[PDB]
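No hydrogens, no waters, no symmetry mates; every other heavy atom, side chains included, goes into these values. One-based numbering, in listed order, for ligands and for the atoms of each. Counting from 1, the numbers follow the sequence of the chain as shown.
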Amino acid sequence: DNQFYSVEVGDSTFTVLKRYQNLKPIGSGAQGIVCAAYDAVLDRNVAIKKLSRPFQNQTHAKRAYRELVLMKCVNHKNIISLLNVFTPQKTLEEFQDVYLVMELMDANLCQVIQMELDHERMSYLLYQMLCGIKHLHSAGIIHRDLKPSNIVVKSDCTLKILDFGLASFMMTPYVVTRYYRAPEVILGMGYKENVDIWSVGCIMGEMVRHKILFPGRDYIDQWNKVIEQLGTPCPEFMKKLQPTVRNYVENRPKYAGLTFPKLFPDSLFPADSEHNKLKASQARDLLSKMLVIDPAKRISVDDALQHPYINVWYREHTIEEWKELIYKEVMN
Ligand SMILES: CCNC(=O)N1CCC(Nc2ncc(Cl)c(-c3c[nH]c4ccccc34)n2)CC1
């Protein structure tokens, strides 16, 4: 008979294709609920993400269309691949949800962060972020929102990025984390390719320090936590900020904060063997080239890939037009 069946998964219903069996919730996010399942056809495990009426507003719609499109276009070993897309509804009028099926990963970075990693694995994961980011950049896509929760890995230490970043208001219950947003993004002062390097540096640091580098309730708190450790930026950086903002920043208590050996002591890095000793320094060296406020002085993706620590691996539519656009893309 029908091709789909429904299964309860908490406070929602997953009406998926019969080929997917033994649904099990693996995570929750902004777009919706995500489940792990077994695909009888391909004979392998996969992940199923359900988009509940993605056209309910421009915020969710824009993300869904953009996701659905790039997920189909872009292709790279370090960017989650889409295996299938479907909708249990038969017509546009009936259209409601969109299900995305992808390879199943074992976990996201939030989990890896809570554990110590030899230099071999840490550098490898970091190397895969740079590749993926490099690919996204070579496609004209500047993520700008890379974070531990949007990056997943497998046991064999393989890594893939989940989403494609940004391109505003929502009644949603949960907020979005911004601890990894680059300075230029926080101060809206224009950005470039190396804007992602800042995020990678925040993640690498968290992997070391095992704790969020720049916490904070709002961007006000976040900026302080940034200068409180790295120190007030140089003048050349100030003269590149709109006065409405250059005022707020320049009228903030200066710092000339601590150096890197202080921020990331040898205690955090394994310095038992001579090999690990050298890797520590190289690691801290890269950290110091990525955690730089001024983009003009922040290392780039290609130079970061050449770093010895890493080279060892070398418009506005209506909720009716959106439904249309999204439905068409789904029905390839
Ligand atoms: C139980 C704690 N382990 C984890 O951190 N996770 C998160 C990653 C999950 N695996 C996975 N594999 C593929 C995709 Cl496409 C997604 C995924 C995509 N978007 C998500 C939003 C929230 C949580 C997970 C996802 N997630 C497994 C459980």
Does the side chain of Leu130 reach to within under 4.5 Å of the side chain of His307, using non-hydrogen atoms? no
For ligand 1, find out whether one of its N or O atoms is nearer than 3.5 Å to an N or O atom of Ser28. no
Which protein heavy atom lies closest to atom 7 (C) of ligand 1, and at what distance to 0.1 Å? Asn108 ND2, 3.6 Å
Quiz item: cation-pi between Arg209 and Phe264, 6.0 Å / 45°: yes
Ranked by distance from atom 28 (C) of ligand 1, the top protein heavy atom is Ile26 O, 3.3 Å
Minimal heavy-atom distance between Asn194 and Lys192, with the atoms involved, is OD1-CG, 3.0 Å
Taking 4.0 angstrom as the limit and counting only heavy atoms of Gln111, give me the atoms of ligand 1 inside it, by number and element. 5 (O)
Please state which protein non-hydrogen atom is closest to atom 14 (C) of ligand 1 and give its distance, to 0.1 Å? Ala47 CB, 3.8 Å
Tell me: protein heavy atom nearest atom 27 (C) of ligand 1, and distance? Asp106 O, 3.6 Å
From OG (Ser300) to CD (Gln306), nearest 0.5 Å: 9.5 Å
Would you please name every residue forming a salt bridge (charged side-chain N to carboxylate O under 4.0 Å, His left out) with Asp163, sequence neighbours left out? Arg63
When distances are taken from atom 18 (C) of ligand 1, the protein heavy atom at minimum range is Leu162 CD1, 3.7 Å
Salt bridge check, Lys279 against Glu120: does any charged N sit closer than 4.0 Å to a carboxylate O? no
Below 6.0 angstrom between ring centroids: does that apply to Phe86 and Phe4? yes
N or O contact, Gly27 vs ligand 1, cut-off under 3.5 Å: no
Hey, what do you get for CG (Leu17) to CG (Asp39), rounding to the nearest 0.5 Å? 9.0 Å
Less than 4.0 angstrom from a charged side-chain N to a carboxylate O is my criterion; do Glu184 and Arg298 meet it? yes
For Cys110 and ligand 1, answer yes if some heavy atom of the residue is under 4.0 Å from a ligand atom, otherwise no. no
Tell me which protein heavy atom sits closest to atom 21 (C) of ligand 1, plus the residue, atom name and distance to 0.1 Å. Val34 CG2, 3.8 Å
Look at atom 10 (N) of ligand 1 and say which protein heavy atom is nearest, naming residue and atom and giving the distance to 0.1 Å. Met105 O, 3.1 Å
Any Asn150 heavy atom less than 4.0 Å to ligand 1: no
Nearest to atom 13 (C) of ligand 1 by heavy atom, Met102, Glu103, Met71: which? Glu103
